[PDB]
Structure formats: structure tokens, C-alpha cells
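A.B. asks: Sharing a structure with you now.
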Amino acid sequence: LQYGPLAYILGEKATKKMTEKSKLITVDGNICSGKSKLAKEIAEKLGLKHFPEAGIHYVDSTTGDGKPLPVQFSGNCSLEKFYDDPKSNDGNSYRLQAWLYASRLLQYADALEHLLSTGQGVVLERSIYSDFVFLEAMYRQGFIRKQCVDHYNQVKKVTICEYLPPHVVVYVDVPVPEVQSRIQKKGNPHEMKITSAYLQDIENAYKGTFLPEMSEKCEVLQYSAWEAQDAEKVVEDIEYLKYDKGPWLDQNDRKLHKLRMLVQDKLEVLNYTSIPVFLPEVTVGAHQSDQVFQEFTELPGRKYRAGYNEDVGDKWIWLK
Amino acid sequence: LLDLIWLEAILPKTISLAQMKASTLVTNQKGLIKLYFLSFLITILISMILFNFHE
Amino acid sequence: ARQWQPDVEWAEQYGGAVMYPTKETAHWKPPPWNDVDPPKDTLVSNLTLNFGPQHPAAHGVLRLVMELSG
Amino acid sequence: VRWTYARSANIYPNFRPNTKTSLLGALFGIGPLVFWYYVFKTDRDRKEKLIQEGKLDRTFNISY
Amino acid sequence: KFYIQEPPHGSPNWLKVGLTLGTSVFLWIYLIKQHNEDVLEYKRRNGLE
Amino acid sequence: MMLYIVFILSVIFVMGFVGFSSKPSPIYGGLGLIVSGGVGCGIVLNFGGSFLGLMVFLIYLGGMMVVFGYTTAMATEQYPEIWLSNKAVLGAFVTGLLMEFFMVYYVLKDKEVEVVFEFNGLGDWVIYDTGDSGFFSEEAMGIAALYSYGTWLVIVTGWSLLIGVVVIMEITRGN
Amino acid sequence: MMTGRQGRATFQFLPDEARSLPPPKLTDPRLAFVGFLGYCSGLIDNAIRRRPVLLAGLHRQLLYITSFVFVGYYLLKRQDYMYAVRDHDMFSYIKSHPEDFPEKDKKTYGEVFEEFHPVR
Amino acid sequence: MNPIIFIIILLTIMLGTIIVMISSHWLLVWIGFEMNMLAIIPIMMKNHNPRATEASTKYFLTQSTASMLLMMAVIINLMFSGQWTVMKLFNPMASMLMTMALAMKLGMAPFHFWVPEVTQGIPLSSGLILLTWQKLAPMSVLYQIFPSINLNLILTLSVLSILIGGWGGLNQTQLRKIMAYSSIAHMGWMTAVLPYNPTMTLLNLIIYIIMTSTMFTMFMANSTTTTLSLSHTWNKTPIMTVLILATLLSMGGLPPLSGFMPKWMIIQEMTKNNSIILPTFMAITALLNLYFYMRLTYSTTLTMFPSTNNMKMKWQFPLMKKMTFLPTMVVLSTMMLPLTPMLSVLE
Amino acid sequence: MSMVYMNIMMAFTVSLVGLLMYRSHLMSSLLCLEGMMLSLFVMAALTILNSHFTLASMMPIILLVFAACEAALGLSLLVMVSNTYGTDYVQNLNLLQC
Ligand SMILES: CCCCCCCCCCCCCCCCCC(=O)OC[C@H](COP(=O)(O)OCCN)OC(=O)CCCCCCCCCCCCCCCCC
Ligand SMILES: Nc1nc2c(ncn2[C@@H]2O[C@H](COP(=O)(O)OP(=O)(O)OP(=O)(O)O)[C@@H](O)[C@H]2O)c(=O)[nH]1
Ligand SMILES: [Mg+2]
């Protein structure tokens, strides 16, 4: 039975599935902080589902065949073009950030749906809660306009209010000079153009805004680059947390049913990511969006609702 | 003089203009419980004193 | 030429509080996207009670500054 | 483009009802209509009066 | 397999399909039966042959 | 003058209404309604409604109005403005008592007044019933019949009260 | 106007006297149109849910047609009954009140005078 | 809400209305209204925000005042007739009070101010209940007392409702406010014909409910509550824009669509009674409603407004809202004019 | 009609005017609403008692019960308003203006 009010009445209640291990964990930190390596280690040791950080093509990976789609179906958002020309007048910098916020918002709903439906905890790398540090860094370097920041805050205000924050926030602290050294080692030509001013603004947002705010509602664990290498100690610390703050304590089966009804319907999740605020960075004219939409439906498995596409081998369509 | 001006002014333009004005009078309300229910009292009093709807 | 379709300038005509702005509706603004207005008015529910003993026969010299929630 | 726009779309926005436009519109708009009404109404009333009195020649008039 | 996630409508809901077709057959049979008796009763009351 | 007890009580009834209808501070508004309710019960008693009268005291005054005053203390008023110390409140109060005084003046003098309806000022006693010698209270018999004649009334009234409990818990939860 | 009919069996979809009327024919053009509306509803259901419009869920489309035709049949029976009752009431009243509906003594055009209005 | 409690509350809203519709006793009619009002307040409050609380409070004050006036009319009727039967009232004052009480409950002008505000302040599903199901009980009462209703009063309320509804909707960009003024305008048609042929009141009510239900359901399907958010539909669900277009034209009363039928049948009944001026005035004034329906069709279906980049992400997910009965409702909202004689089933 | 009806009908009229002419406190308007019910209860009881309509003797009780239940709902809304704004003033309930 597809989940809904009837399944809820028939005993499908989140308090049955969830346990003391059903925790939502996010790992945060600056660029090249090793957060990704730790997140995979935490997830394996604790038996949690790992979500690689939501990028430009995260949504492609959850629908269709799961493979990335051509770039024009992401609006030509380019991380590489953000590093080559962060001040380009085509609006790429904020168009990318708005797309990534929607991607994280989608991933967060996917994480909650897994946690609530199955009871297994999840590990995320950054979330909708820390996404704003990149926005502040862009704004302070002059990569985006103040109108773009207002748009982001409008969207965040009416989307993040619907969700519960992570049980645990793991921050990996790496000084900017060390981050800059590590970027040179990784050998990515576009990433090498990042400035210390940009990296420093990310750090200031994390420590001035993010960590103080999450401390009031989550269990925050901070680690240096060296401490984070010992995932056994990190996992040990997570297992001995008390979990005595935050809105998760005020949750019952009724309130989690309402949450599950939301996170399962992805169009209700993304509803306000496309509010009609005409900002040049994110506004698309009818001729372009009409053209691209028609090409989208011409992709394999995209013309019809999943399960009704003959061109990818669906069968029994006349009885479905 | 006639096609682009007066034949527009005497009919479509003036009729359209009046509806717009009437619409703003109708919809320029303060959203106050006090005033709306005060208008109810006037309606009831008018219905009896002026139009004698109670008879 | 290509068929004209509304641009941002045309579309913004339908994004105001009202269709026909007047001086009496200038202060009107569109409502929140999700119908939720911020709770900023009054939320101060924690009593602070300077607590002593009902009868001073035994304790007498106890002052308890307690903060209550119901 | 400016010329065709000025000769059509731009006219009404810059129109003001005043003494000059009101009088010319009345004189050119209604004037001819009232004039032609009284020419035809007068002519037809005279012709109708003659026919009722058998004083109009319609000897071979059978197409109308 | 093409879809990364199995669609909710990947395969027919054979229970609904059976109850959908059976309902159509029932209504059609019931409607024909109703119509035949109405015609018979109309003829009886009007003394028609 | 005791033969006009019902009319005298109804005059006090109106005066109390002008009390809380001029809407002084809610604390004193509740007082006007409580007095009006007590006078209202008195009028019902003098028509032979002993059970109905006592219901007002038990349910309207001892129940509903207690809860009003309880709520007023917690959510509305803690100290009041002096009664009739406000321009509108006093003007409304004066206006009401002038209208009541004139209605009472003409009804007593002409023994009849006419506003929407025709009212007679002979005395409410003149309409009473002249035949009474049953061995029971007719009012009580009619109310007792709720459980025999009024099955349907009990069901819908019972359902509404239950739904009231559910609804008010829904409304006040806040999430 | 017909709410208080003397022979109104109240709150009955089809009172028993309706059984004296001929039933709607299953080939009634109005019933065929009702079936067509059912078929249109089936196509719209596919369209809004992004299934292949003509082929998807033929079982579902069939139940759309059947249910519309089934409900349509009874609504037409009541429709025809209500107009039969209207005519029955009208003719009974006319019979009961002959003084109000007299047969006119109606003349030929050779006898009645109509004014001539020349078109000239 | 617990889903079971939500079901019980909806069933109580329906029970209150059903009680009004089957009662032969004025007290039971009043009880039905009380039960209905009690059960609907929670569904208005269910999303817990200051706007929903204001709308619930404004609705409660309006309905409670109306219900006290209804009881006053019933008691006056008892004093002058000594009976409780739901039928023509036996005192002209009682008739005026009950007519005004029912006008307040319907939101007819000039008792209309609450309808736009209350509808705006509650969710779309609650607004659907408020503007469709809530009309059934007051209409069923008006249907039974109409012989004693003052003709001038009821026609005055109708004319004002058509005027105010038409003018009020012109200045709106919010979908819920547009539907509220559309409801007020359509209300005036139902009451205008009531003195002449109450069957045509029922016809207009049924068709109005079907079209209004169709509109709210399509607004819910995409979670659109403003004109500009509805203008994105073409770039998400194109079929919905066509369905919205057909229904809006139908609500505008354009032939050959279903919404013309009630206007057509009401005009006929009024002309049979030598009422020529009033139906002509009503028909012309209804062009106001057509205008702000047509404005919506321009921004939704007949042109393409600018989209946003993040709309591309929505292309990858299906509609999962239930949209119950929508295919059937939209067909009935548009393609029923050829079956107009079927209105005799309402007789 | 008898003289008493004049005053009971005046009381209903007075409380109705009091209901339709708000000041600031939402509570003060709810009292006028309860005043309206009290006058209806009294007028109903007087009519029923004087006429010896025996089975109608239960009607004033049903009136009182349903009106008190509706008053509980009104008080609950007032408390929720007071929670949002800290007062029961009706001038704070003007968001839906727009
Ligand atoms: C047994 C299984 C259980 C289910 C059985 C239920 C069957 C009945 C339900 C209705 C279904 C009708 C049959 C639909 C056939 C659709 C087949 C199809 O989709 O194939 C497409 C076919 C050919 O198209 P193609 O050449 O491949 O590509 C052209 C590109 N433009 O294109 C076509 O040729 C399709 C032709 C149109 C479909 C027929 C239209 C029927 C109209 C019905 C009117 C309803 C009137 C009801 C009146 C009843 C009154 C008693
Ligand atoms: N403009 C922008 N770039 C982002 C955002 N999230 C990630 N990125 C970029 O994506 C790239 C990879 O992200 P990171 O995880 O932080 O880098 P990393 O090499 O994987 O570092 P570790 O996983 O911790 O080891 C970086 O170049 C970031 O600049 C974002 O929200 N906005
Ligand atoms: Mg990484």
C-alpha cells in the first residue's frame, strides 16, 4: 500500500520503525576539509545510509534511469564556470546557488523519507541548513547582487520551516591556509582559482552563523583535520550523545505522519523553489523554457509517467 | 477625431473607466471586524426605516 | 518575426496586492507565499518568582529565585 | 516605426476632451448624421404624402 | 530494467484490474436486466402485445 | 406594585443589558450579564418555570458565566477602567436608559405602545391561565419527555457536545 | 411548482406510476451522448496523469463509459417521468376548468381585417 | 489532525447540513446550523497561523450573529402561529429576520465582507468546503420559506450581490479572493430566480458547485493561490491550462458550455413573469465576471508568462495529488448543455 | 402583545446593537452574543410556559446547551487570538485586508 492516511490508520506509524539509532547526521566544513571521507566512514561504522553531497545532477540520479541529464535541463548551471568567471553577466553564480539549494532541499526530503519509512539513520554532507554559507561568501566577494540574497532568503524562509533539523551536526574545522594547500594538491584547474578571501568568508559564515544557530537545536561535534581522521573516536562520541534538545523530542506519530506526507511528494517539496519573483538570474523567457521543455519530454523514458513508456520496455500499458 | 478618439471615449473607454473606479471603492476595505459589523447595523436600520422590508 | 509573449514587465502587472493601485492601497503588500506571518507580537510565558517559605517559623532565611513554565 | 506608431497607438493617450475636441467631434460626428436624417426624412415624407393622394407618377413602377 | 527506482505503476494492479472489469460487467448486465423488465412492465400495464 | 413584579423585573433586565451592551471593561460587562441572568431567571420563575429558571442559575450563571470570567481574567482584563469613565461607554449607557425610560413611560401612561409590534400595558398578569389543579408540574413533565419523545434530539445534542470536546482540543493544540 | 403534487410519493426517485411509461431506448441519442461524455472523462483522466491518452488503462476507460451510461439511463427515466407528470397535470386541470379554456370560434382570413403597411 | 478525527469532523459538517435538509422542525434546523458551524472551525484552523486564526474568528462572529437572528425569527414565528413547522413564516418581521440571517450565512451582499477575507485566510481545501457545501443548508431553507419572503428584499440582495461580486473580483490577483467574489456574484442569480421558480435556484446551485469544485481542485493540484503562480502551469502541466480555460469560460456563461445553462434558464423564468429589466441588467452585469475570468485565461492558457530556472527540476516528478473526480467534474462543467432538459429531475 | 414582551424584545435589540457596534475587546462582544441568547431563552420560555405547550418545555434547555457550546468555541478562538497578539483587541485582526 502506498503510504497515506489509510496506511497510517492500518498501523504504519513512524514510532514503530524508529529506534535510538534512527539519527540524521550531517557533516559540514570548508572546501577540501575531508568532510566527504569522514561521512562515508561514519555511515559504514554506524550502519547508516550515506548520501553523497547533492550536486547539480542529484535530481537526475533519483529519477528516470538515474544517469545525469544534459546541462540545458539544469539551466546550464556550471560549477566550473563559477570558478572561471564568478562575475559573469549571464547570472550563472546565483543561478547555480539557487539550483543547488533546491537540490539539497530535495535530498533532505529524500533523507527524511528514508529515515521515517525504514527507521534507518542517514548521513548527509552539508544540507539546506548550511547551504547559506556559500551564498554569504558569494555576496561578500561581489559575485551576486543583494537582490539575489533576498530571493534566496525568501525561498529558504518558506521551505526550511517545514522540516526537522539533523540530530547531529559534525563540523570539520580546517584553517584557510591548509584548505588552500589541499586544493592545490587535488589538481582541479578550475578549483585552483578560488581565493582565500572566498574561503575565509565560508569559514566566517560557518562559525559566526551556522554553528551558533545549530547548537541551540542540534548536538554539534567539532573536529580538527587531524581528529577527524579517527572516525572510531568520532563514531564513539556520536554514540554517547544524550539528545536532550531540539524539536525531535516534540515529535509523535501524528506529527511524523504529516511530515512523511510532505517529504514523499516531491512536487510539494519543491513548490516554493519556483516562486514568481522575477530575478534576471533565475528568470527564463517563455520561448526558451517552451523549447527546453519540449526537448525534455523527447528524452527516453520522459514522455509519460514512469511505467507507461513503451520506448524503454514498459508493458501492459493497456491495463495500467 | 472620430475613430481613434471620440468613438472610443463615448463607449468602451468610459464604460471601462467606470467599472475600474467602482471596483476600487468595493475592494478598498480595511479588514476591520468593527467597521464591517457597523455596516450590518446600517443595513438593518435602512431595511426597516426606509424600505419597510419588515412589513 | 516571432510571436510576442509576455515579458517580466508585462507579468509584474499581475503580481501586486491589487490590480488597480490607489492611494488608499499603497501600503498593501502581497501576503506571504505560504500564508504564514512571523510570530513577533507577544511570547513571554516564563514567570520569575522570588520564592520564600509559607511560614517563616523554620526556614525564614531562604530566598529562591525560580523561573517557572506553567 | 515611430511614424506608424504616432499615427495610431499614441493618439488616444495624448487626447484630452476640451472645447476644441468636443466641438469638432460634435460638429463632424453628429452634424452630418442630423443633416442627412432631415434630408431623407423630409424627402420621404413628401413622397409618401404624394403617393397616398395618387399624385405621384408610378405608372410602370413594378420593380423595387 | 530502465528506471533507477521501481515505478509505483511498474506492473498492473491485478486486483484493481479485476475489480474494475467485473464492475463494468455487473453494471452492464444489471442495466440490460433492468431495461428488459421495464419494457415488460410497460407492456403489461398498457395491455400491449 | 407586587402585581407588576414581572414587568418591574423586565425593566431591570433591560437595564442590565444596557450595562454590558455599552461594553465597559469586560470585568464589569460580565457583572451586567450575571445580574441580567439572575433577573432573567426571576421572570421565568414567575411564569411557572421553576426548573427552567434554576437551569439559568446552574448552567448559565454557575457554568457559562464562570468560564467567561475565568477566561477574562487569564486572557483579557486584569484591572478595569472605571465604569462609565469613557465617553462612548457613558453616552451609550445614557442613551439606552433614556430609550428604556420612554418606553416605560408611554406603556404605563397610555397602557399601550407600538414599535414594530403592538404592546399592551394592562399588566402581564391578565394573560395568565385560570385553570390549574393537576397533581404535577407541567413544565417538569415536558422536560422529562426528552428521554421518551425526544430520542432524535438526544442523539444530535449528544453528538454536538462530544464533537465540541474534540473540536476545542483541535483548535487549542496549536500544531 | 410541482413540489406538492397530490400524487407525489415523496422522496422517491421513480415512483411506481412511472412504470407505465415506455423506458428510454438503449439506442437513445441522449444516452449515446452520455456515454460519449464518459469516454471523454476517461481520456482526460489519462491526460492529467500523463499516461498514453488513447491506449492506457482500457479497463478504467470502460468503467467510465459504463458508469456514465448506467447513471444516464436512470436520469433519463426520471426526466421523461417528470415531463409526463407535467402534461398529465396540465390536461387534467384544463378538463376541470372548461370555463377558463374555451374553444375559440376562429375565422378565416377572408373575414378578419388586418391592416396593410406598404413597404415603399 | 489525526486522519480519523479529520474524517469524523467532515462527516459532522455533512450531518449538520443533512439535519437542516430533512428537518420539519425549526429547532432542528437551528441545531443543524450550530452543528455545522462547530465542525467547520477546526478545518479552517488546521494549518495554525495568524491568518487562519483571524479567518476562523471572523467566520465565527458572522455565523453566530446570523444564527441568533435565525432563532429570533423562529421564536417570533412561534408567538404568532404557535407552531414550529419548517414552512412559510407567519409574521413579516420573522420573515425579514430569517431572510437576513440566511443572507448573512450565504455571504450575500451587503453581508458579504467576510467571504473574501475568510476564503483568503484558509487552505484551498477548506475554501472548497466553504464556497460549495456550506451553501447547501441556507439554500435548502430559502427553498422552503420563499412564499413568505419579501419580494423587494430578496431581489435587492440579489442585485447587490451581482454588482458587488462583479466589481470586487476585478481588483483581485489572489485566486482565493477571486473565487470568493465569483461566489458572491453567482449567489445573486440563485436568489433572484427563487421567488419565480425555486427549481432553477437548485439548477444554478448544482452547476455552480460543480464548476467551483473543478476550479478549486485544479488550483490544489498545482498548489497555486495567486495569479502569477498559476501563470507557471503551462510550463509544468499544459493539459491543466486547457482544462482551466474551458472551466473559466463555462463559469463566464459562454455558450455552448454548461455554465450558460443556469443563466439561460433563469432568464426564461423571469421573462415568463414579465420581468424584463431585471434579467437584462443581471445578464449585462455578469460581463464583469467574464472579464476577470478572461483575465485569468490570458495569464494561464492563451499566453506564456516567464518561467523560472528551478521549474526544470519539477519536470522530473509526477503529480501525486489525488484530484478526486476531476475528469468527471471537468466534463460536467463544460459539456452538459445538450442535456439541459434533464433539469426536470430537480422538479 | 403583553407588556413583558416589550422589554424582552428591547433586551434582544439592545444586545444586538451592542454586538454590531464593536469597541476593542473581543471579549466584550462575546458577552453581547451571550446576552442575545439569554434574551432568546427568556422570550422562548415565556411563550412556551404561558401557552402550556408541554413538549416545547425542553426547547429552552436545548437552546441553552447549544449556545453555551458555541460560546466555548468562541472563547477558545479568543484565547488563540490573545496568544498570537497578547490582547483580544479586534484591531489586530486585520491581516486579511490583504
Ligand atoms: C478487453 C480488455 C478490457 C478493456 C476493454 C474496454 C474497451 C473499451 C474501452 C474504450 C477503448 C476503446 C478502444 C481504444 C483503442 C485504442 C487503441 C490505440 O491506442 O492504438 C492507437 C490506434 C492506432 O494509432 P497508430 O496508427 O498506432 O499511430 C498513429 C499516430 N498518430 O488508434 C486508434 O485506432 C484508436 C481509435 C480511437 C479509439 C476508439 C474510440 C471509441 C469511442 C467510444 C465512444 C463512446 C460512445 C459510448 C456510447 C454508448 C451508448 C450505449
Ligand atoms: N558555489 C557553490 N559551490 C559549491 C557548493 N557546495 C559545493 N560547492 C562546490 O563543490 C566543490 C566540492 O565541494 P566540497 O565538498 O566542499 O570539496 P571536497 O574536495 O570534496 O572536500 P571534502 O569532501 O571535505 O574532502 C567545491 O569546489 C565547492 O566549491 C555551493 O553550495 N555553492
Ligand atoms: Mg566532498
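Just so we're on the same page: first chain in the C-alpha cells is A, next is B, and so on; residues restart at 1 for each chain, and ligands are numbered from 1 in the order they show up.
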I'd like the neighbourhood of residue G:20 as a list in words, where a residue qualifies if any of its atoms comes within 9 Å (using only C-alpha atoms), though same-chain residues fewer than 2 positions away should be ignored.

C.D. replies: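 The neighbour list is residues 38, 41, 42, 43, 44, 45 and 46 of chain E; 16, 17, 18, 22 and 23 of chain G.
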
A.B. asks: Using only C-alpha atoms, please write the residues we just selected to a file, as a short mmCIF file (atom, residue, chain, number, x, y, z; two decimals), in the first residue's frame.

C.D. replies:
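result-v2.cif, written as the output of this step:
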```cif
data_model
loop_
_atom_site.label_atom_id
_atom_site.label_comp_id
_atom_site.auth_asym_id
_atom_site.auth_seq_id
_atom_site.Cartn_x
_atom_site.Cartn_y
_atom_site.Cartn_z
CA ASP E 38 -39.19 -2.10 -17.58
CA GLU E 41 -43.92 -3.98 -17.20
CA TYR E 42 -44.68 -1.14 -19.60
CA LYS E 43 -46.32 -3.60 -21.98
CA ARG E 44 -48.31 -5.38 -19.26
CA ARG E 45 -49.78 -2.17 -17.85
CA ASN E 46 -50.67 -0.79 -21.28
CA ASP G 16 -44.42 3.29 -9.16
CA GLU G 17 -46.69 5.10 -11.63
CA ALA G 18 -43.57 5.78 -13.72
CA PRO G 22 -42.08 3.37 -22.08
CA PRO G 23 -38.45 3.07 -20.96
#
```

A.B. asks: Specify as a PyMOL selection string all residues of chain H found within 7 Å of chain F, counting only C-alpha atoms.

C.D. replies: chain H and resi 35+38-39+42+45+48

A.B. asks: Please return as a PyMOL selection string the residues found within 10 Å of ligand 3, counting only C-alpha atoms and all ligand atoms.

C.D. replies: chain A and resi 28-39+52-54+125-126

A.B. asks: Have a look at G:39, G:5, G:46, G:63 and name the one nearest to chain E; count only C-alpha atoms.

C.D. replies: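 Closest residue, counting only C-alpha atoms: G:63.
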
A.B. asks: So that I can check the secondary structure, give me every residue of stretch 6-168 of chain F assigned helix (DSSP H, G or I) by backbone DSSP, as a ChimeraX atom specification.

C.D. replies: /F:6-21,26-45,50-76,87-109,124-127,138-147,151-168

A.B. asks: Calculate how many Å separate atom CA of residue H:111 from atom CA of residue H:66, rounding to one decimal.

C.D. replies: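 Rounded to one decimal, the two atoms are 10.3 Å apart.
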
A.B. asks: Compute the set of chain B residues within 12 Å of chain I, using only C-alpha atoms, and express it as number ranges by chain.

C.D. replies: B: 27-45

A.B. asks: Report as a count of residues only the set of chain A residues whose atoms approach chain G to within 8 Å, with distances computed over only C-alpha atoms.

C.D. replies: 8

A.B. asks: Quick check: residues of chain C within 8 Å of chain I, only C-alpha atoms, returned as a ChimeraX atom specification.

C.D. replies: /C:17,28-31,39,41-43

A.B. asks: Go through H:312, H:231, H:276, H:324 one by one, measure the shortest atom-to-atom distance of each to residue C:11 using only C-alpha atoms, and give the residue with the smallest value.

C.D. replies: H:231

A.B. asks: So how far away is atom CA of residue G:45 from atom 20 (O, counted along the ligand's line) of ligand 1, in Å?

C.D. replies: 16.9 Å

A.B. asks: So that I can check the surroundings of residue G:33, please list as a PyMOL selection string every protein, DNA and RNA residue that reaches within 12 Å of it, counting only C-alpha atoms and ignoring chain neighbours fewer than 6 positions away.

C.D. replies: (chain G and resi 26-27+39-40+65+68-69+72-73+76) or (chain H and resi 335-339)

A.B. asks: Where in chain C does DSSP assign strand (DSSP E or B), given as a ChimeraX atom specification?

C.D. replies: /C:18,47-51,64-68

A.B. asks: Export, as an mmCIF file, in the first residue's frame, the selected residues with N, CA and C atoms.

C.D. replies:
```cif
data_model
loop_
_atom_site.group_PDB
_atom_site.id
_atom_site.type_symbol
_atom_site.label_atom_id
_atom_site.label_comp_id
_atom_site.auth_asym_id
_atom_site.auth_seq_id
_atom_site.Cartn_x
_atom_site.Cartn_y
_atom_site.Cartn_z
ATOM 1 N N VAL C 18 -3.087 44.504 -5.483
ATOM 2 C CA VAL C 18 -4.330 44.764 -6.195
ATOM 3 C C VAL C 18 -4.014 44.975 -7.668
ATOM 4 N N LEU C 47 7.341 32.769 33.979
ATOM 5 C CA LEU C 47 7.287 33.526 35.219
ATOM 6 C C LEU C 47 8.620 33.455 35.953
ATOM 7 N N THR C 48 8.961 34.544 36.636
ATOM 8 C CA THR C 48 10.058 34.558 37.594
ATOM 9 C C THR C 48 9.469 34.849 38.964
ATOM 10 N N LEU C 49 9.710 33.952 39.915
ATOM 11 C CA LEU C 49 9.098 34.027 41.233
ATOM 12 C C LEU C 49 10.188 34.074 42.291
ATOM 13 N N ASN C 50 10.224 35.161 43.053
ATOM 14 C CA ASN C 50 11.022 35.218 44.271
ATOM 15 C C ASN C 50 10.303 34.431 45.358
ATOM 16 N N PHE C 51 10.813 33.249 45.671
ATOM 17 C CA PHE C 51 10.093 32.272 46.473
ATOM 18 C C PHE C 51 10.654 32.254 47.887
ATOM 19 N N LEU C 64 14.550 32.032 47.103
ATOM 20 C CA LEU C 64 14.658 31.171 45.933
ATOM 21 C C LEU C 64 14.144 31.944 44.729
ATOM 22 N N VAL C 65 15.043 32.316 43.825
ATOM 23 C CA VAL C 65 14.665 32.968 42.578
ATOM 24 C C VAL C 65 14.421 31.858 41.563
ATOM 25 N N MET C 66 13.154 31.546 41.324
ATOM 26 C CA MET C 66 12.768 30.453 40.448
ATOM 27 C C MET C 66 12.185 31.006 39.159
ATOM 28 N N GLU C 67 12.467 30.334 38.051
ATOM 29 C CA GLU C 67 11.833 30.634 36.776
ATOM 30 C C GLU C 67 10.928 29.461 36.428
ATOM 31 N N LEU C 68 9.645 29.743 36.246
ATOM 32 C CA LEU C 68 8.630 28.724 36.045
ATOM 33 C C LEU C 68 8.138 28.735 34.606
#
```

A.B. asks: Name the residues in contact with stretch 13-21 of chain F at a cut-off of 7 Å, using only C-alpha atoms, excluding same-chain residues fewer than 5 positions from it; report them as a VMD selection string.

C.D. replies: (chain F and resid 29 32 to 33 35 to 36 39 to 40 93 96 to 97) or (chain I and resid 7 10 to 11 14 to 15 18 32)

A.B. asks: Residues of chain C within 8 Å of chain H: nearest atom pair and distance (Å, one decimal) for each, counting only C-alpha atoms, sorted by chain and number, as CSV?

C.D. replies:
```
residue,atom,partner,partner_atom,distance
C:5,CA,H:304,CA,6.0
C:6,CA,H:305,CA,5.3
C:7,CA,H:306,CA,6.3
C:8,CA,H:306,CA,6.6
C:11,CA,H:305,CA,6.6
C:14,CA,H:173,CA,6.3
C:15,CA,H:228,CA,6.2
C:16,CA,H:173,CA,7.3
C:17,CA,H:173,CA,6.8
C:18,CA,H:171,CA,5.5
C:19,CA,H:171,CA,4.7
C:20,CA,H:171,CA,6.1
C:35,CA,H:51,CA,7.0
C:36,CA,H:49,CA,5.6
C:37,CA,H:50,CA,6.5
```

A.B. asks: As an exercise, work out the distance from atom CA of residue D:30 to atom CA of residue B:9 in Å and give it to one decimal place.

C.D. replies: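 Atom CA of residue B:9 lies at a distance of 14.6 Å from atom CA of residue D:30.
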
A.B. asks: Write out as a PDB file with C-alpha atoms, in the first residue's frame which residues come within 10 Å of residue E:1 when counting only C-alpha atoms, dropping same-chain ones fewer than 6 positions away.

C.D. replies:
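File produced: part30.pdb:
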```pdb
ATOM      1  CA  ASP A  65      17.361   5.803 -15.397  1.00  0.00           C
ATOM      2  CA  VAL A 312      12.002   1.851 -22.526  1.00  0.00           C
ATOM      3  CA  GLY A 313      10.231  -1.505 -22.375  1.00  0.00           C
ATOM      4  CA  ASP A 314       7.135  -0.849 -20.271  1.00  0.00           C
TER       5      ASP A 314
END
```
